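*Asks:* Experimental coordinates follow, after the sequence.
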Amino acid sequence: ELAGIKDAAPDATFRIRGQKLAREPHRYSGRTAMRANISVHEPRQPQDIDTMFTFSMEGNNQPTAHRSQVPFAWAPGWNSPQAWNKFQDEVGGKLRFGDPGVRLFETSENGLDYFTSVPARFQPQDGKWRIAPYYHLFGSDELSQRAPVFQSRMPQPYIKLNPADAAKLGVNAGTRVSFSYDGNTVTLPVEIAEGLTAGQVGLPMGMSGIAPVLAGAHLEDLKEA
Amino acid sequence: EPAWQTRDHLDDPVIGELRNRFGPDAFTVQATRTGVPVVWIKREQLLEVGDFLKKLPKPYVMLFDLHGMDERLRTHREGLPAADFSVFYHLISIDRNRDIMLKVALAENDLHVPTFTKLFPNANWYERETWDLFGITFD
Amino acid sequence: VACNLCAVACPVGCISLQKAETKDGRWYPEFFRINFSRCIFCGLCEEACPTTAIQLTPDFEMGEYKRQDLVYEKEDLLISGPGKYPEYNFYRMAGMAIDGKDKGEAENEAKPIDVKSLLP
Amino acid sequence: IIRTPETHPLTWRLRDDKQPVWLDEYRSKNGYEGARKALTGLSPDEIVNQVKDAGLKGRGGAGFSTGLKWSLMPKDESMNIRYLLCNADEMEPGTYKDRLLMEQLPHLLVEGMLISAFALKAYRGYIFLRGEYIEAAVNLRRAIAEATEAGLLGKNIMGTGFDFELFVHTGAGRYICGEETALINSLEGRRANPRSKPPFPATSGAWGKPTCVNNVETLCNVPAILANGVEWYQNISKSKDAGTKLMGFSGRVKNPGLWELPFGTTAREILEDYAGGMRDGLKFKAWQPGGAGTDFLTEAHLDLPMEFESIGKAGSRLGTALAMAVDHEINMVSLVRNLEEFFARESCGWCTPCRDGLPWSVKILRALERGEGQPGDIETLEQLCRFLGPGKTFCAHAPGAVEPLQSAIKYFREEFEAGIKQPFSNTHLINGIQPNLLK
Amino acid sequence: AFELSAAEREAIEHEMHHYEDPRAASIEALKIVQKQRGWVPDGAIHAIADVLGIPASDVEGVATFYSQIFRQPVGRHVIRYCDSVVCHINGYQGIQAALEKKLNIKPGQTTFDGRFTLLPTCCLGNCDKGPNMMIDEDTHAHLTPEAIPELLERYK
Amino acid sequence: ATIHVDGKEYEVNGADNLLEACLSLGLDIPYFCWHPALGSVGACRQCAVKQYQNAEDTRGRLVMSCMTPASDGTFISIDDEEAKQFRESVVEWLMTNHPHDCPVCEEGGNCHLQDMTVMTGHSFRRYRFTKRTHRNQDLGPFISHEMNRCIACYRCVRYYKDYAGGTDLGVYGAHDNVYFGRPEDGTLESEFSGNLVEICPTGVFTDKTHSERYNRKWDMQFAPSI
Ligand SMILES: NC(=O)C1=CN([C@@H]2O[C@H](COP(=O)(O)OP(=O)(O)OC[C@H]3O[C@@H](n4cnc5c(N)ncnc54)[C@H](O)[C@@H]3O)[C@@H](O)[C@H]2O)C=CC1
Ligand SMILES: Cc1cc2nc3c(=O)[nH]c(=O)nc-3n(C[C@H](O)[C@H](O)[C@H](O)COP(=O)(O)O)c2cc1C
Ligand code: SF4
Ligand code: SF4
Ligand code: SF4
Ligand code: SF4
Ligand code: SF4
Ligand code: FES
Ligand code: FES
């Protein structure tokens, strides 16, 4: 079933008229000085035995080369990202000699049957709170949130509540309430969500201590603390 | 008219002599900024063209240069014969005070040219250099 | 201003540097190293400098015992004066605001007109 | 000066004490009768055909045919939402005719807008009026209310079954809003950047609907056509331009004003018989036929009829036909500097040549005014005039901007050459670098 | 700290009734706020954007595009003198010099007590009666430099 | 469709304008305001070519290739003298107010404006007057703002509003005081605001994350990745 990944890119023996594909532009500078603090003897450039690319400018990056994997766009007279115009058969259309990447599966001749397991209507149970996921473009990814520049962009961890549920619990916007899941009594500040349905607590998936697996789970002991 | 303009060089009498000798469908003329008539000729007629230039009334008595060129990476080859490699022969006639540049087109697999050493004895080191740096064999 | 024009204009590739920025916003080289065992003293870096920062001085006595010590750093290149060009400052021409130079305070620059101004 | 209704179809109902004419007095002296004939005896198509055969050209300044513009709306009945816009901006310097038309004859504009809305099947009408015309706005609103209460605007007008609602949209003071596509953009609550044509507003104009934009004076000409007939309108003057134009001279003349004259009357008759000529101790140097965006003409061009093709053949434009006279005491470099300052500061900023080349001409003329001109400045002005012409810029603000500049350079070059005193100097000396001395 | 009053809100809504797009009432909404408060403050842009439904960037662009929508605070009375070509022929420079001598300010600024704000403007459409000047709602024609001090005392 | 560029016959798609048709064939026409994804608006007036309606026509007419359809039977000239002088003049007009900022610009070496100034062949400055300046706004942690380098090509606002659906970027100002940005200071809350650093042909919107540790494009070692 993973047979299509062979044709995703050509192998390491692929060449454009005998030469490899350059990872850096032809005016790459500082070659005899970027490592001179370690040693004045410049070592060999690293060898890429895995792919058809080379860790040097001694290679091919022509706009008319017969390849689909373009590391960067540069043309004589076109140094901007407008240099991608030279790398396409028509501007704004497909890439020249096809786009990289192939589809693993085609559309099947026949389809599935109707899923008859229609779920019941959501009834808000007393005490238990259904966790409604709130995904964030900055924060819900595992590795992107470790970037230091995302700290100034990630929203603060706020548990979203209905006005009716917060009025029942006596909570207003801003104050902190504590909930326990698997022996972890964690406290979050409350943000009032008008559009959220009653009986649910809105939680931010992927944040610190709140896993995306918590979506759809229950939440006992939601008290103001 | 400036001297750097791309001149087709069809007013040279050597071009007319080559047309009257080898016919009008034996070679191509390349328009360059070299100031020299560039004649793309076939590999089979190279020695005949060299002998004709050597036997002119004011002949091309000197082989100025002889070297190869890798044309596999040349994107802009409009008006040129199809070639993976090429060999150019730059010749001088002092009597006419003129130059000519003969170019021979070669494929990647059939990289052999007849030797030019019999017509010009100084072609020996040039052909050795072309074999050393471009891999073109001289029969 | 760590603009990396000398490093790319160097035909030998013996200039390495990295741009850093101060709190006001001005650019400077965080480091600047030249491999003088590799340099050919051709003057293309001085020719390509748009700030006249890098210069080739009349000095030839640079003999060394170890060529690792021929890699000069920023503490060995930065001098305490203007050099051959005495009264040129690039930041008096630039339109970028730094300390001691607000917007419109450069040469041949008008004052910034706000879009909320009452004048037509 | 006496104005019979025959030769003065617009200004004959003006009052001697300069008060606005309201509905009872307007209808007393043959008011809303052309609208009655239009809405009770003629189909919209034959009204458009009558305006087309009348030869009524656009009075905004370009002289386009009004009937041909009206015929270009789509013929299918699927788009019943249609807009008619009255360009009451009149932001051009030297132009004051729409102020006279709407400040004292608002019901004429209302009746003409009603006729043109019935002809175009326009369900809504907007008078896009500049913010500086305040008493004109009050008079227009009061006339609209009077026509609405007296069965002339609203629902089921004159028993025909035609619904038309008229609004007054007071502008916010920008010159570019008078351009028809920029007028449409400003009517939609946007910044008044003009639009590229094609598509023309007749097919997709205001809010994507068919929209016809016409000047005040065109809609004031239309009820006379629909009331007194078409053959009467073609027999006003023996000229290729049918009808009467509001013409007049302004600027240091004895009697500056506005008079309704037939096409073909020469500019000298306006200057001496109507404007009275130049003032005491003042000589005549130049004149501009159609406001601030027209080529300057000389004294030899004064014996020229005021038609579009006659002024156009002599290297100028008829424009709005409101000429402005320049005496010998006026330095022409200062005058062109003022003109270019207006044209540069009233740019919309959409397209590069006007936005970034009109201030260059402004600064060159400021240098020439103070005597600090440098060699190459007049050649730079000429190149700017050549490269800001029709088709180079997105709209026609910049060709009309640069027409007075090239006309002044053509006719009064010696005044521009007199402002060049210092040698050319763009660089300053950098110590340590020998400069490249180009020859 | 900005909040639309009631009458401004029904005025903006009644102007939204006139058009088929709520965006088309933005210029008149800005003019209503300017008529009420003398100028358009910073919070007025977002309040008008909320009451029309359009983004505040478009409201700011409209407010900064038009010259008569004042986005900076002005004085009690806005003097607007025409500087176009016909009034340049008729001598607007003397009128401007008289205004500068009286108010002791440059064109574009406001006096220290906030009484008059002096502004150049384009053609007022009264070129046959030049030079002209637009004080708040009143146009004044046939101006002379000695009529400026006798004419500036009717606006306290 | 069949067009004639400089006497050479070309087969193009008739539903495209002349700019994308000619750029697809490898013909270099300078342009700023046109983008393949956004469309044609005719703002920068940089894409001027001389159009002829007949094969035997000498005068012609300077038109915008981005606003002119690539219909069958159009004879356009790109390297005609009048068209080249007009494009050089447009570059010169954009260069009258542009700051002397290329060494301290993150877009240097990756700049479309630099490439088009070099392509038109304008390298001599005859403008001797002052250059307009602008204050800068804080656009958040991602996008650095430098308003002096703007050429008023309207790509940013067209992308951000008509494509990305953002609501806090716009055009403000007037005749030549056009400002492009937010009504106040604050973070661009569109989830696609990062494309402004590549949409903008100048160094107005720049990558602040890259500006922290900045190197030029020729110094970058690139790879294709996912
Ligand atoms: N305040 C004023 O009265 C001012 C008047 N103007 C005048 O405006 C003129 C420029 O006006 P523009 O609209 O820019 O130029 P234009 O000549 O392209 O358009 C004028 C009118 O003709 C119509 N038109 C022309 N060709 C058409 C076609 N093929 N199909 C459909 N309709 C067509 C347009 O719809 C428009 O209503 C100037 O020459 C000047 O005389 C200029 C400035 C101020
Ligand atoms: C910069 C510019 C400003 C214009 N201003 C006005 C104006 O203020 N009033 C007007 O009627 N036409 C003005 N026009 C002309 C309009 O484009 C158009 O001709 C008008 O809306 C209707 O013209 P018409 O009388 O032929 O119907 C202007 C044109 C341009 C290019
Ligand atoms: S002088 Fe030395 S460092 Fe400078 S460009 Fe030449 S080789 Fe490089
Ligand atoms: S020395 Fe000059 S050329 Fe090199 S990075 Fe610094 S400013 Fe640029
Ligand atoms: S010429 Fe261009 S910038 Fe000037 S007003 Fe017209 S569209 Fe706007
Ligand atoms: S935006 Fe481009 S032209 Fe402008 S300063 Fe930056 S690199 Fe130079
Ligand atoms: S900020 Fe950039 S994208 Fe926006 S108009 Fe200016 S140059 Fe164009
Ligand atoms: S020029 Fe001043 S009112 Fe018209
Ligand atoms: S690319 Fe055509 S005008 Fe901008």
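*Replies:* Noted; the coordinates are in hand. Residues are numbered from 1 along each chain as shown, chains lettered A, B, ... in the order given. Ligands and ions are numbered 1, 2, ... in the order given.
*Asks:* What ranges does chain F have for its strands?
*Replies:* For chain F, applying DSSP state E gives strands covering F:2-5, F:8-11, F:48-52, F:61-64, F:74-77, F:143-145, F:170-172, F:179-181, F:205-207.
*Asks:* The fourth one and ligand 5 in contact?
*Replies:* Going back to what we said before, that points to strand F:61-64. No: Strand F:61-64 is not in contact with ligand 5 by C-beta under 6 Å from any ligand atom; minimum separation 12.2 Å. All C-beta spots, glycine's among them, are computed from the backbone N, C-alpha and C.
*Asks:* Can you name every helix or strand that that strand contacts?
*Replies:* Contact analysis of strand F:61-64 by 3 or more C-beta pairs under 8 Å, 6 or more residues apart in numbering or on different chains; DSSP states H and E lists strand F:48-52, helix F:81-94 as its packing neighbours.
*Asks:* out of those, which comes closest to ligand 4?
*Replies:* Ligand 4 lies closest to helix F:81-94 among the helices and strands packed on strand F:61-64, at 24.1 Å (C-beta to the nearest ligand atom).
*Asks:* quick one: buried residues of that closest one?
*Replies:* F:82-94 (16 or more other C-beta atoms under 10 Å in any protein chain shown).
*Asks:* Likewise for stretch E:129-149?
*Replies:* For stretch E:129-149, the neighbour count (16+ other C-beta under 10 Å) marks E:129-135, E:139-141, E:143, E:145, E:148 as buried.
*Asks:* Tell me which of the residues you listed fall in strands.
*Replies:* If you go by DSSP E, the buried residues of stretch E:129-149 have E:133, E:134, E:139, E:140 in strands.
*Asks:* I'd like to know the beta-bridge partner residues of the second one.
*Replies:* Beta-bridge partners recorded for residue E:134 (DSSP bridges): residue E:80, residue E:139.
*Asks:* where do the strands sit along chain B?
*Replies:* For chain B, the strands defined by DSSP E occupy B:27-30, B:38-41, B:62-70, B:85-93, B:98-106, B:112-113, B:137-138.
*Asks:* do you know which of those strands lies nearest ligand 6?
*Replies:* Closest to ligand 6 of the strands of chain B is strand B:62-70 (C-beta to the nearest ligand atom; 35.7 Å).
*Asks:* Can you tell me the strand partners of that closest one and which way each runs?
*Replies:* Counting by DSSP bridges, strand B:62-70 is paired with strand B:85-93 (antiparallel).
*Asks:* Mind listing residues that contact the partner strand?
*Replies:* Around strand B:85-93, the neighbours that count as contacts under C-beta atoms under 8 Å, 6 or more residues apart in numbering or on different chains are B:14, B:36, B:50, B:53, B:56, B:58-72, B:98-108, B:111, B:113, B:116, B:130, B:134, B:136.
*Asks:* try stretch F:199-206
*Replies:* Contacts to stretch F:199-206, defined as C-beta under 8 Å, 6+ apart, come from residues A:80, A:82, F:32, F:35, F:38, F:101, F:105-108, F:111-113, F:116, F:139, F:143-147, F:149-151, F:153, F:155-156, F:159, F:180, F:196-197.
*Asks:* The residue nearest the centre of chain E is in what secondary structure piece?
*Replies:* With distances taken as C-alpha atoms, centre = their mean, the residue of chain E nearest its centroid is residue E:68 (4.3 Å). Per DSSP states H and E: residue E:68 is located in neither a helix nor a strand.
*Asks:* In contact with it, which residues?
*Replies:* Counted by C-beta under 8 Å, 6+ apart, residue E:68 has contacts D:131, D:172, D:173.
*Asks:* Could you find the closest non-adjacent residue to the second one?
*Replies:* So the one you mean is residue D:172. With sequence-adjacent residues excluded and distances taken as C-beta to C-beta, 6 or more residues apart in numbering or on different chains, residue D:172 is closest to residue E:66, at 3.7 Å.
*Asks:* right, and residue D:435 touches residue D:425 too?
*Replies:* No: using C-beta atoms under 8 Å, residue D:435 makes no contact with residue D:425, being 11.4 Å away.
*Asks:* And stretch C:42-54, end to end?
*Replies:* Its start and end residues considered, stretch C:42-54 measures 13 Å (C-alpha to C-alpha, to the nearest Å).
*Asks:* And the contacts of it?
*Replies:* If you take C-beta under 8 Å, 6+ apart as the criterion, stretch C:42-54 is touched by C:1, C:3, C:5-7, C:9-12, C:15, C:55-56, C:83-85, C:88, C:90, D:432, F:102-103.
*Asks:* what would the buried residues of helix F:81-94 look like in TSV with distance to chain B?
*Replies:* Compiled in TSV, the buried residues of helix F:81-94 are given as follows (distance: C-beta to the nearest C-beta, whole Å):
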residue	distance to chain B
F:82	21
F:83	21
F:84	17
F:85	19
F:86	24
F:87	23
F:88	20
F:89	24
F:90	27
F:91	25
F:92	25
F:93	30
F:94	30
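*Asks:* which residues of chain F fall in helices?
*Replies:* In chain F, the helices defined using DSSP state H lie at F:18-24, F:81-94, F:112-120, F:155-157, F:196-199, F:208-212.
*Asks:* Contacts (any at all) between chain D and the second one?
*Replies:* Just to be clear, that refers to helix F:81-94. Yes: counting by C-beta under 8 Å from any C-beta of the partner chain, chain D is contacted by helix F:81-94 at F:85, F:86, F:89, F:90, F:93, F:94.
*Asks:* Turn the helices of chain F into TSV, columns for distance to residue A:170.
*Replies:* What follows is the helices of chain F, written out as TSV (distance: least, C-beta to C-beta, whole Å):
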stretch	distance to residue A:170
helix F:18-24	63
helix F:81-94	62
helix F:112-120	59
helix F:155-157	47
helix F:196-199	45
helix F:208-212	43
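*Asks:* between these, which gets nearest to ligand 6?
*Replies:* Nearest to ligand 6 among the helices of chain F is helix F:112-120 (4.3 Å), distances taken as C-beta to the nearest ligand atom.
*Asks:* Can you spell out which helices and strands pack onto the closest one?
*Replies:* Counting by 3+ C-beta pairs under 8 Å, 6+ apart, helix F:112-120 packs on helix F:81-94.
*Asks:* measure the most far-flung residue of chain E relative to its centre to residue D:160 for me?
*Replies:* In chain E, the residue that sits farthest from the middle, by C-alpha atoms, centre = their mean, is residue E:20; the gap is 27.5 Å. Residue E:20 sits 24 Å away from residue D:160, going by C-beta to C-beta, to the nearest Å.
*Asks:* again with residue F:86
*Replies:* From residue F:86 over to residue D:160 the distance is 54 Å, taken as C-beta to C-beta.
*Asks:* sorry, back to before: quick one: which of the buried residues of stretch E:129-149 is nearest ligand 9?
*Replies:* Nearest to ligand 9 among the buried residues of stretch E:129-149: residue E:134, at 37.5 Å, using C-beta to the nearest ligand atom.
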